[PDB]
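Structure first, then comments.
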Amino acid sequence: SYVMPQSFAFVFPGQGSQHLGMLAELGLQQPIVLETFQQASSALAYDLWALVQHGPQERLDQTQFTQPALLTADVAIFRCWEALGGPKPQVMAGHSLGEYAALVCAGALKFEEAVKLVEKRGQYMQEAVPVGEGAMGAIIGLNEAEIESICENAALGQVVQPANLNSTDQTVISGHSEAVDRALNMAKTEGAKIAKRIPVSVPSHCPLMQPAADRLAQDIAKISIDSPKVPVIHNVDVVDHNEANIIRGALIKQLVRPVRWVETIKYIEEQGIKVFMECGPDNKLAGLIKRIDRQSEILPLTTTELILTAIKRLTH
């Protein structure tokens, strides 16, 4: 008899969630995975599946490859969810690059257009800061206020600021490499449990990305955007938007402003949604969400069995 399904959100991972061989199992099980990668490959003009399966590692980890790889992986998983009978989520959110996946899956952006766009996003971001001059760092155990103060004191004329607000006591900072190091050292001085560089060159979500944002804005103006059919909560402002130019603004501003992930998760939970499906490879967002709320449930979707389990959970 009738069972009201649990409300749920899809969360789409970004950078950091890529790995060689990702989706290999799902790719054997579900023809739509290879078809999706074929679509992406036609847009990119190289065999993306081959790159993701065989690498090399260093290749996959370069931004211009990571971005289309992860967008494609996230969309492939969404398509498998739908193919296996999964219903629409009540809301979607993606972490940085993941926001593009959310917009593709919400029907706002055409997949192959988005693939090309995120390749450009990666290319432009890579080029924004000369090699070695930027950095990102993870700080665990201090709150945002404490970290903001640290960044202000460490900057000394350079850029360093909160970049990803990931969980309540987990923040990534971004900026000039020297300033990031100064800030991380101050964070340790102030009692951070961890204050460490992350292995990226590109200082995303800070004003050093402005040159990339300017370039991407030109491309984004040319891409057709439809109103999302499922609300997508944007990183930059923690709200959904229906209007194309407002979505464009949100995507461009995203590059230079922090990813407000903890506020996004809190917003979703305040709406009564405590079941999250991680629509992509790896379990990085589950890690964050569980820290934000230990009572939340985050379900992986990386195999047919996991997808079917997740679908069943909605009514059981």
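Residues in the structure tokens are named by chain (A, B, ... in the order shown) and by number from 1 within that chain; ligands are numbered from 1 in the order shown.
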
Within 10 Å of residue 60 of chain A, counting only C-alpha atoms, which residues show up once you throw out same-chain ones fewer than 3 positions away? Write them as a PyMOL selection string, please. chain A and resi 18-20+48+51-57+63-70

Which polymer residues have any atom within 9 Å of an atom of segment 259-272 of chain A, counting only C-alpha atoms, with same-chain residues fewer than 3 positions away left out, as a VMD selection string? chain A and resid 7 to 9 91 93 to 96 162 to 168 205 233 to 239 254 to 255 275 288 to 289 292 to 293 296

Quick one: write out the picked residues with N, CA and C atoms as a CSV table (one decimal), in the first residue's frame?
chain,number,residue,atom,x,y,z
A,7,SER,N,11.9,12.1,1.6
A,7,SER,CA,12.5,13.2,0.8
A,7,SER,C,14.0,13.0,0.8
A,8,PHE,N,14.6,13.4,-0.3
A,8,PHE,CA,16.0,13.2,-0.5
A,8,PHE,C,16.6,14.3,-1.4
A,9,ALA,N,17.9,14.4,-1.2
A,9,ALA,CA,18.7,15.3,-2.0
A,9,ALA,C,19.8,14.6,-2.7
A,91,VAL,N,15.8,18.1,-4.2
A,91,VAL,CA,16.7,19.2,-4.3
A,91,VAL,C,18.1,18.6,-4.7
A,93,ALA,N,22.4,19.7,-5.1
A,93,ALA,CA,23.5,20.6,-4.8
A,93,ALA,C,24.8,20.0,-5.3
A,94,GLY,N,25.7,20.7,-5.8
A,94,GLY,CA,27.0,20.2,-6.2
A,94,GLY,C,28.1,20.9,-5.6
A,95,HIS,N,29.2,20.3,-5.3
A,95,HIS,CA,30.3,21.0,-4.7
A,95,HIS,C,31.2,21.4,-5.8
A,96,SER,N,31.3,22.8,-6.1
A,96,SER,CA,32.1,23.4,-7.1
A,96,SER,C,31.8,22.9,-8.5
A,162,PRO,N,39.1,31.9,3.2
A,162,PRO,CA,38.3,30.7,3.2
A,162,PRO,C,37.7,30.5,1.7
A,163,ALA,N,37.8,29.3,1.3
A,163,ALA,CA,37.5,28.9,-0.1
A,163,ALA,C,36.4,27.9,-0.1
A,164,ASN,N,36.6,26.8,0.7
A,164,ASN,CA,35.5,25.8,0.8
A,164,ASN,C,35.1,25.7,2.3
A,165,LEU,N,33.8,26.0,2.5
A,165,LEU,CA,33.3,25.9,3.9
A,165,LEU,C,32.7,24.5,4.0
A,166,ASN,N,33.4,23.5,4.3
A,166,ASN,CA,33.1,22.1,4.0
A,166,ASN,C,32.3,21.4,5.1
A,167,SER,N,32.7,21.6,6.3
A,167,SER,CA,32.0,21.1,7.4
A,167,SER,C,32.2,22.0,8.6
A,168,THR,N,31.6,21.8,9.7
A,168,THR,CA,31.5,22.8,10.7
A,168,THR,C,33.0,23.2,11.2
A,205,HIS,N,38.2,29.6,-5.8
A,205,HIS,CA,37.3,30.2,-4.9
A,205,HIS,C,37.9,31.3,-4.1
A,233,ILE,N,20.7,24.2,-5.4
A,233,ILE,CA,21.1,25.2,-4.4
A,233,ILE,C,22.5,25.5,-4.8
A,234,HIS,N,22.8,26.8,-5.2
A,234,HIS,CA,24.1,27.2,-5.6
A,234,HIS,C,25.0,27.5,-4.4
A,235,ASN,N,26.3,27.2,-4.7
A,235,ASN,CA,27.3,27.3,-3.7
A,235,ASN,C,27.6,28.7,-3.2
A,236,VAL,N,27.4,29.7,-4.1
A,236,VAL,CA,27.9,31.0,-3.8
A,236,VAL,C,26.9,31.7,-2.9
A,237,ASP,N,25.6,31.4,-3.0
A,237,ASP,CA,24.6,32.1,-2.3
A,237,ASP,C,23.6,31.3,-1.5
A,238,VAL,N,23.7,29.9,-1.6
A,238,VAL,CA,22.9,29.0,-0.9
A,238,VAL,C,21.4,29.2,-1.2
A,239,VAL,N,21.1,29.5,-2.5
A,239,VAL,CA,19.7,29.5,-2.9
A,239,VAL,C,19.6,28.9,-4.3
A,254,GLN,N,30.9,31.9,-8.4
A,254,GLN,CA,31.4,30.8,-7.7
A,254,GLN,C,32.9,30.7,-7.7
A,255,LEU,N,33.5,31.1,-8.8
A,255,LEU,CA,34.9,30.9,-9.1
A,255,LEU,C,35.7,31.7,-8.1
A,275,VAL,N,18.2,12.7,4.0
A,275,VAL,CA,18.7,11.6,3.2
A,275,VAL,C,19.3,12.2,1.9
A,288,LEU,N,31.7,14.8,4.6
A,288,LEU,CA,31.4,16.1,5.0
A,288,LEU,C,30.0,16.2,5.7
A,289,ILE,N,29.0,15.6,5.0
A,289,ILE,CA,27.7,15.7,5.5
A,289,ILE,C,27.5,15.0,6.8
A,292,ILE,N,28.6,17.3,9.4
A,292,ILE,CA,27.7,18.4,9.6
A,292,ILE,C,26.5,17.9,10.5
A,293,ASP,N,26.0,16.7,10.2
A,293,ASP,CA,24.9,16.1,10.9
A,293,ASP,C,25.1,14.6,11.0
A,296,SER,N,22.3,12.4,9.6
A,296,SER,CA,21.9,12.3,8.2
A,296,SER,C,22.3,10.9,7.7

Compile the contact shell of segment 139-145 of chain A as a list in words: residues with an atom at most 9 Å away, counting only C-alpha atoms, same-chain residues fewer than 2 positions apart removed. residues 137, 147, 148, 149, 150, 162, 165, 168, 169, 170, 171, 172, 173, 184, 187, 188, 190, 191, 192, 193, 194, 195, 196 and 197 of chain A

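For the pair atom CA of residue 280 of chain A and atom CA of residue 232 of chain A, the interatomic distance is 16.0 Å.
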
Output as a PyMOL selection string all residues of segment 50-262 of chain A that backbone DSSP marks as strand (DSSP E). chain A and resi 91-94+134-140+160-167+170-176+194-197

Pull N, CA, C and O atoms from the residues just selected and write them as a short mmCIF file (atom, residue, chain, number, x, y, z; two decimals), in the first residue's frame.
data_model
loop_
_atom_site.label_atom_id
_atom_site.label_comp_id
_atom_site.auth_asym_id
_atom_site.auth_seq_id
_atom_site.Cartn_x
_atom_site.Cartn_y
_atom_site.Cartn_z
N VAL A 91 15.78 18.14 -4.16
CA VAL A 91 16.73 19.22 -4.32
C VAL A 91 18.06 18.62 -4.71
O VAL A 91 18.35 17.44 -4.44
N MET A 92 18.88 19.44 -5.34
CA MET A 92 20.23 19.06 -5.73
C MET A 92 21.21 20.11 -5.31
O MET A 92 20.88 21.28 -5.25
N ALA A 93 22.44 19.70 -5.06
CA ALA A 93 23.51 20.64 -4.83
C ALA A 93 24.79 19.95 -5.27
O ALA A 93 24.92 18.77 -5.11
N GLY A 94 25.72 20.70 -5.79
CA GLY A 94 26.98 20.15 -6.17
C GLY A 94 28.09 20.94 -5.61
O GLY A 94 27.99 22.14 -5.51
N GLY A 134 50.12 29.87 -6.30
CA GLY A 134 48.89 29.70 -5.55
C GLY A 134 48.91 28.41 -4.76
O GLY A 134 49.71 27.49 -5.01
N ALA A 135 48.00 28.31 -3.82
CA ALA A 135 47.86 27.12 -3.02
C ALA A 135 46.49 27.08 -2.37
O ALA A 135 45.78 28.07 -2.31
N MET A 136 46.16 25.89 -1.89
CA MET A 136 45.02 25.67 -1.04
C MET A 136 45.46 24.86 0.13
O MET A 136 46.41 24.08 0.04
N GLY A 137 44.77 25.04 1.23
CA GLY A 137 45.08 24.35 2.45
C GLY A 137 43.85 24.02 3.25
O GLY A 137 42.91 24.78 3.30
N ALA A 138 43.89 22.88 3.91
CA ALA A 138 42.81 22.41 4.74
C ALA A 138 43.10 22.67 6.18
O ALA A 138 44.21 22.39 6.65
N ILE A 139 42.11 23.20 6.89
CA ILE A 139 42.21 23.47 8.30
C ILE A 139 41.09 22.72 8.98
O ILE A 139 39.92 22.89 8.62
N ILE A 140 41.44 21.88 9.94
CA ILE A 140 40.44 21.11 10.67
C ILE A 140 40.55 21.49 12.13
O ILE A 140 41.65 21.47 12.68
N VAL A 160 44.61 35.48 0.83
CA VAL A 160 44.36 34.20 1.48
C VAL A 160 43.03 34.30 2.18
O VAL A 160 42.79 35.23 2.92
N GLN A 161 42.14 33.37 1.88
CA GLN A 161 40.83 33.42 2.47
C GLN A 161 40.15 32.08 2.44
O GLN A 161 40.55 31.21 1.70
N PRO A 162 39.09 31.93 3.24
CA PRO A 162 38.27 30.74 3.15
C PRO A 162 37.73 30.54 1.73
O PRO A 162 37.30 31.49 1.10
N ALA A 163 37.81 29.31 1.28
CA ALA A 163 37.52 28.92 -0.09
C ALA A 163 36.45 27.85 -0.13
O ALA A 163 35.55 27.90 -0.96
N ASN A 164 36.55 26.84 0.73
CA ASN A 164 35.49 25.84 0.81
C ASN A 164 35.08 25.73 2.26
O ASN A 164 35.91 25.39 3.11
N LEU A 165 33.83 26.03 2.55
CA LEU A 165 33.31 25.89 3.90
C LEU A 165 32.66 24.51 3.96
O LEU A 165 31.47 24.35 3.62
N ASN A 166 33.44 23.51 4.30
CA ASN A 166 33.08 22.12 4.01
C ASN A 166 32.32 21.43 5.09
O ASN A 166 31.36 20.70 4.81
N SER A 167 32.72 21.64 6.31
CA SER A 167 31.99 21.10 7.43
C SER A 167 32.21 22.04 8.57
O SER A 167 32.95 23.01 8.47
N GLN A 170 35.78 22.18 9.35
CA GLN A 170 36.66 21.83 8.25
C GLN A 170 36.51 22.89 7.17
O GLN A 170 35.44 23.03 6.56
N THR A 171 37.57 23.64 6.93
CA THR A 171 37.52 24.72 5.97
C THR A 171 38.76 24.61 5.13
O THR A 171 39.83 24.36 5.67
N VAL A 172 38.63 24.83 3.85
CA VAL A 172 39.79 24.96 2.95
C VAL A 172 39.98 26.43 2.64
O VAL A 172 39.02 27.15 2.39
N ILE A 173 41.22 26.88 2.77
CA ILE A 173 41.61 28.22 2.39
C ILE A 173 42.37 28.20 1.08
O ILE A 173 42.89 27.18 0.66
N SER A 174 42.40 29.34 0.43
CA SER A 174 42.98 29.48 -0.88
C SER A 174 43.64 30.84 -1.00
O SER A 174 43.19 31.79 -0.40
N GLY A 175 44.68 30.92 -1.82
CA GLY A 175 45.28 32.19 -2.14
C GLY A 175 46.70 32.02 -2.61
O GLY A 175 47.09 30.99 -3.15
N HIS A 176 47.48 33.05 -2.39
CA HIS A 176 48.88 32.96 -2.70
C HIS A 176 49.56 31.93 -1.85
O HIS A 176 49.25 31.81 -0.66
N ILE A 194 44.49 19.92 12.24
CA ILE A 194 45.19 19.74 10.99
C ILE A 194 45.21 21.09 10.30
O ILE A 194 44.22 21.80 10.28
N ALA A 195 46.36 21.45 9.76
CA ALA A 195 46.46 22.64 8.89
C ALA A 195 47.53 22.32 7.88
O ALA A 195 48.74 22.40 8.18
N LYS A 196 47.10 21.90 6.70
CA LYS A 196 47.99 21.27 5.72
C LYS A 196 47.66 21.72 4.32
O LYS A 196 46.50 21.88 4.00
N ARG A 197 48.66 21.88 3.47
CA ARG A 197 48.40 22.09 2.06
C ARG A 197 47.67 20.89 1.46
O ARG A 197 47.94 19.75 1.83
#

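Picture a line from atom CA of residue 257 of chain A to atom CA of residue 119 of chain A; it runs 20.0 Å.
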
Would you mind reading off the distance between atom CA of residue 84 of chain A and atom CA of residue 99 of chain A, one decimal, in Å? 23.1 Å

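Distances here use only C-alpha atoms; by that measure, the residue among A:97, A:186, A:77, A:40 closest to residue 302 of chain A is A:77.
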
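Proximity ranking of A:240, A:182, A:226, A:253 relative to residue 206 of chain A places A:253 first, based on only C-alpha atoms.
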
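Shortest separation to residue 189 of chain A among A:177, A:146, A:213, A:309 occurs at residue A:146, atoms counted being only C-alpha atoms.
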
Counting only C-alpha atoms, what is within 6 Å of residue 228 of chain A, bar same-chain residues fewer than 3 positions away, as a list in words? residues 106, 107 and 108 of chain A

Using N, CA, C and O atoms, can you export the residues from the last selection as a PDB file, in the first residue's frame?
ATOM      1  N   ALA A 106      19.391  18.576 -13.544  1.00  0.00           N
ATOM      2  CA  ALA A 106      18.148  19.328 -13.326  1.00  0.00           C
ATOM      3  C   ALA A 106      17.532  19.807 -14.642  1.00  0.00           C
ATOM      4  O   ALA A 106      16.468  20.423 -14.645  1.00  0.00           O
ATOM      5  N   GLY A 107      18.218  19.607 -15.748  1.00  0.00           N
ATOM      6  CA  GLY A 107      17.726  20.002 -17.048  1.00  0.00           C
ATOM      7  C   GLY A 107      18.022  21.428 -17.463  1.00  0.00           C
ATOM      8  O   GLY A 107      17.477  21.899 -18.445  1.00  0.00           O
ATOM      9  N   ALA A 108      18.918  22.105 -16.765  1.00  0.00           N
ATOM     10  CA  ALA A 108      19.206  23.497 -17.063  1.00  0.00           C
ATOM     11  C   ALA A 108      20.238  23.626 -18.172  1.00  0.00           C
ATOM     12  O   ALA A 108      20.202  24.558 -18.943  1.00  0.00           O
TER      13      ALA A 108
END

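Comparing the minimum interatomic distances between residue 198 of chain A and each of A:81, A:61, A:6, A:16, counting only C-alpha atoms, we find that A:16 sits nearest.
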
Would you pick out the contacts of residue 35 of chain A at 12 Å or less, using only C-alpha atoms, so that residues sharing its chain but fewer than 5 positions from it are not included, and give the list as a ChimeraX atom specification? /A:27-28,30,40-42,47-49,72-73,75-77,79-80

Once DSSP has gone over the backbone, tell me which residues of segment 39-151 of chain A are in alpha helix (DSSP H), as a ChimeraX atom specification. /A:39-44,48-54,57-60,63-83,98-105,111-128,144-151

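Nearest residue to residue 274 of chain A among A:156, A:251, A:11, A:3 is A:11, counting only C-alpha atoms.
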
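Distances to residue 303 of chain A were evaluated for A:178, A:154, A:279, A:88 using only C-alpha atoms, and the minimum falls at A:279.
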